[PDB]
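Beneath this line is the structure, given in structure tokens, with notes to follow.
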2 protein chains.
Amino acid sequence: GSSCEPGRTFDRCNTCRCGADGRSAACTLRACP
Amino acid sequence: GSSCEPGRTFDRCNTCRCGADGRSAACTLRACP
């Protein structure tokens with residue numbers, strides 16, 4: 001599972017693959033450093 | 001479709017604050033660095 005530290009801000013830097021429908025189909029989710 | 005080009009990879013970045021339960025967050029779009 002996934003969790004975050006209550007109250008705290010965080011930034012995500014994600015890379016997605018676009019589906020046939022012109023919406024994301026697959027994404028690599030990463031914390032931003 | 002018109003959000004992304006089918007089969008292309010693209011970057012998507014977010015800024016979040018984590019909810020009290022540590023299992024949820026309120027996020028918005030930001031420019032990727």
Side-chain angles (χ1 to χ4, degrees), chain A, chain B residues 1-7 9-33:
Chain A
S2 177
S3 63
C4 56
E5 302 173 319
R8 275 182 61 99
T9 69
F10 64 97
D11 286 18
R12 302 297 284 184
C13 284
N14 305 143
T15 303
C16 298
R17 183 72 63 156
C18 194
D21 63 347
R23 297 182 180 78
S24 64
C27 294
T28 292
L29 309 185
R30 324 184 187 73
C32 307
Chain B
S2 291
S3 179
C4 51
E5 277 168 7
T9 67
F10 63 98
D11 286 343
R12 195 96 167 142
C13 300
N14 317 131
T15 186
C16 298
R17 195 176 290 283
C18 187
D21 66 11
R23 292 303 217 180
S24 65
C27 306
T28 206
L29 206 59
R30 72 169 198 89
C32 286

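Just so you know, these numbers use all the heavy atoms, side chains as well, and skip hydrogens, waters and symmetry mates. Just so it is clear: chains get the letters A, B, ... in the order the sequence lines come, proteins before strands, and each one is counted from 1.
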Quiz item: For the side chain of A:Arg17 and the backbone of B:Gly7, is there at least one donor-acceptor N/O pair under 3.5 Å apart?
Solution: yes

Quiz item: Who are the salt bridge (charged side-chain N to carboxylate O under 4.0 Å, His left out) partners of A:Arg8, not counting sequence neighbours?
Solution: A:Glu5

Quiz item: Any idea which heavy atoms bring B:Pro6 and A:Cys18 closest together, and the distance?
Solution: N-SG, 3.6 Å

Exercise. Please name all residues satisfying salt bridge (charged side-chain N to carboxylate O under 4.0 Å, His left out) with B:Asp11, sequence neighbours left out, ordered by chain then number.
Key: none

Quiz item: B:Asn14 versus B:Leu29: any side-chain heavy-atom pair under 4.5 Å?
Solution: yes

Self-check item: With A:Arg30 via salt bridge (charged side-chain N to carboxylate O under 4.0 Å, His left out) - residues at least two apart
Solution: none

Practice problem: Step through the shown structure and confirm whether more than 12 heavy atoms of other residues, nucleotides or ligands are within 6.0 Å of CZ on A:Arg12. | Solution: yes

Quiz item: Going by the salt bridge (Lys or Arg N to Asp or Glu O under 4.0 Å) test, which pairs reach into residues 19-28 of chain B, not counting sequence neighbours?
Solution: none

Self-check item: Cystine candidate A:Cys13-B:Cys32, SG separation under 2.5 Å
Solution: no

Exercise. For residues B:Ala25 and A:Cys4, report the shortest heavy-atom separation together with the two atoms involved.
Key: CB-SG, 4.4 Å

